[PDB]
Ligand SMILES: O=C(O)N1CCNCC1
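Shown below, as structure tokens, is a lone chain in the form solved without the named molecule; questions about how it binds or moves come after it.
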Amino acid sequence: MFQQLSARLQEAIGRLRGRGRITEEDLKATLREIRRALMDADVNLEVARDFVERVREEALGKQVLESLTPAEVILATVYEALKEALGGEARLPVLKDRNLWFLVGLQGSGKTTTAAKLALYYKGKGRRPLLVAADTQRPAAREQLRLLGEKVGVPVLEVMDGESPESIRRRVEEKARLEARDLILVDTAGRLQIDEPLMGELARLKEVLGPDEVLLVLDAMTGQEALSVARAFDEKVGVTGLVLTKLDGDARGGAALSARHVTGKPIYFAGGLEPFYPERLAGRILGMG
């Protein structure tokens, strides 16, 4: 995962291998190399700085300068720091008896596909999901979700053009009652960029529907821009967790590695969609697969 970063971290660590004890300047050099590798992978500057300080403190705590196999001590330390940067421990949203979640994000994030994949994931766990195609301006966005629902075997309520949030609420409620739906996944409007009309409509929909989770879907390939998108969605709408898509196309990793620090939000899922496992990703970056 994250090809360029992975190669650079592995090389930085491997440079230390089979050479016996290393010097302080050797360690500092290695840290500077890791820092540059993170920077080049579009990790947020402060995240990268904190990461290497963490590694250094942890490595020195493990007596790296006395070690006869310092590369292994570095490897361990970097693994942990990666784990932590990525979220520490696997996290998922809390289901209750009934749940109504928003998916938010830019057109291009994979939001709509993600909504359908999440519905399938939770159907496999025994929930009874309902997809809601909530774009009140674009019939094609609603049709997209309708087709995906048919593919995954999950019902889809399509909002009407210009439908009020209150009417959406009523129709969703009705359908959920008639169909015993217990997980309502609202695919909100996707647009190419953030603007005030979008935000205001999302914020209003949120006031009226009262979602228990707001999942922000981000194309990881956008790098740091994703986290600026995240901050904007959080400030203007309010997010509870992230879904990162297109991780397999991301050679860099900066968004994943920076999200916890920058946004304070968990990465729930990774995009054909699985719960996000920070430890697995940390291993993959380091070549343990």
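One rule holds for the numbers: they count along the sequence shown, beginning at 1. Note that the rigid core is defined as the largest set of C-alphas that superpose within 1.5 Å between two forms.
Unshown form solved in complex with the named molecule; subsequent notes refer to it.
K.L.:
Could you tell me which stretch in 153-161, 118-126, 70-78, 94-102 has residues with non-hydrogen atoms within 4.5 Å of the named molecule in the entry with it bound?
P.N.:
Result of the contact check: 94-102.
K.L.:
Could you tell me which one of 247, 34, 227, 55 places a heavy atom within 4.5 Å of the named molecule in the entry with it bound?
P.N.:
By the 4.5 Å heavy-atom cutoff, the listed residue in contact is 247.
K.L.:
At the 4.5 Å heavy atom threshold, is residue 15 in contact with the named molecule in the entry with it bound?
P.N.:
No - in the entry with it bound, heavy atoms of residue 15 and the named molecule never come within 4.5 Å of each other.
K.L.:
So in the entry with it bound, is the named molecule close enough to residue 281 to count as touching (4.5 Å, heavy atoms)?
P.N.:
So residue 281 counts as contacting the named molecule.
K.L.:
Please check if residue 24 has a heavy atom lying within 4.5 Å of any heavy atom of the named molecule in the entry with it bound.
P.N.:
No, residue 24 is distant from the partner.
K.L.:
Does the named molecule get within 4.5 angstroms of any non-hydrogen atom of residue 11 in the entry with it bound?
P.N.:
Heavy-atom contact with the named molecule at 4.5 Å: absent for residue 11.
K.L.:
Residue by residue through 270-285, which ones have a non-hydrogen atom no more than 4.5 angstroms from the named molecule in the entry with it bound?
P.N.:
The stretch 270-285, when checked against the named molecule in the entry with it bound, contributes 270, 274, 275, 276, 277, 280, 281, 284 at the 4.5 Å heavy-atom cut-off.
K.L.:
Quick check on the comparison between the shown form and the other one: with the core aligned, only one of 72, 150, 163, 212 should show a Cα shift of at least 2 Å. Which one is it?
P.N.:
One residue passes the 2 Å cut-off, namely 72.
K.L.:
With both forms fitted on the core, check whether the Cα of residue 236 differs by 2 Å or more between the shown form and the other one.
P.N.:
The answer is no, as the C-alpha of residue 236 shifts between the shown form and the other one by less than 2 Å after core alignment.
K.L.:
Residue 200: CA shift of at least 2 Å between the shown form and the other one after core fit?
P.N.:
Shift of 2 Å or more: no.
K.L.:
I want to check residue 82: does it shift between the shown form and the other one by 2 Å or more at the Cα, with the core superposed?
P.N.:
Residue 82 C-alpha, core-superposed: shift of 2 Å or more.
K.L.:
Quick one: residue 139 and residue 182 C-alpha atoms, closer or farther in the entry with it bound compared with this form (3 angstroms or more)?
P.N.:
They are farther apart; the C-alpha distance rises by 3 Å or more in the entry with it bound.
K.L.:
Closer or farther: how do the Cα atoms of residue 259 and residue 233 compare in the entry with it bound versus the shown form, where the change is at least 3 Å?
P.N.:
Result: closer.
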